[PDB]
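Asks: Sequence first, structure after; it's an experimental one.
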Amino acid sequence: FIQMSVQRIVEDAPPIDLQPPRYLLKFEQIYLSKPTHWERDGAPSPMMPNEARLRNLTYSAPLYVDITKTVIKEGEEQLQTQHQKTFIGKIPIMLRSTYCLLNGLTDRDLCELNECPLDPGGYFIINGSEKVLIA
DNA sequence: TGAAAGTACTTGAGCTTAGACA
RNA sequence: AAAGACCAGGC
DNA sequence: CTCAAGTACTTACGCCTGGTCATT
């Protein structure tokens, strides 16, 4: 879903056509970062899953896309403006997936994070509670 | 992705005739 | 906290 | 005007425990 489906969905959306000047919006490519928490002061910092549970936070990662804005002014010169890393929302991250902060960590690393090495993961942390999607 | 059934409504159809006596 | 929904579970 | 043949309502166990969530 993260690697393929999101990119396919954003690229398959029809471009925004507006109109007289014309405006075109195109979404180039998605970007996922590690799950980070934006505090009251706005300073980002990685969110560990245990901190998400205890503080009733949402273990999610921000989503950034590249947006190119094209204006047609009828003067034969269309000005295209590209925006990098445009934040459009946060996607909850399944625990121990590829994009989770627990990915690839050894038993000692997980213990240092107060996470059970035997915990299989595969569930989302929404508002502190642990949610599992059923097929 | 796959009730089931009973009841209260409508709506259409649609059918030889002749006058005298009777 | 109030009733609403949803979910899981016991017999 | 008046008979059979189509379209609408109306309902499907008994409790009991709890946890979560959005509105208020």
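Replies: Here it is on my side, so go on. Numbers count the residues shown, from 1 in each chain, chains lettered A, B, ... in the order given.
Asks: Quick one: name the residues of chain A near DNA strand D.
Replies: A:126-129 (Cβ under 7 Å from any atom of the strand). The C-beta positions use only the backbone N, C-alpha and C, and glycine is treated the same way.
Asks: rerun at 10 Å
Replies: A:56, A:58, A:125-131 (Cβ under 10 Å from any atom of the strand).
Asks: Ranking by neighbours, what's the top pick from the residues you listed?
Replies: Among the residues of chain A next to DNA strand D, residue A:125 has the most neighbours (other Cβ atoms under 10 Å), with 25 neighbours.
Asks: Surely residue A:50 forms part of a helix?
Replies: Yes. Under DSSP: H, G, I helix; E, B strand; the rest coil, residue A:50 falls within a helix.
Asks: what residues are up against it?
Replies: By Cβ atoms under 8 Å, 6 or more residues apart in numbering, the contact set of residue A:50 is A:113-115.
Asks: possible to save the residues you listed as a markdown table with distance to residue A:33, neighbour count and secondary structure?
Replies: Shown next, in a markdown table, are these (distance: Cβ to Cβ, whole Å; neighbours: other Cβ atoms under 10 Å; DSSP: H, G, I helix; E, B strand; the rest coil):
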| residue | distance to residue A:33 | neighbour count | secondary structure |
| --- | --- | --- | --- |
| A:113 | 18 | 15 | coil |
| A:114 | 23 | 12 | coil |
| A:115 | 20 | 21 | coil |
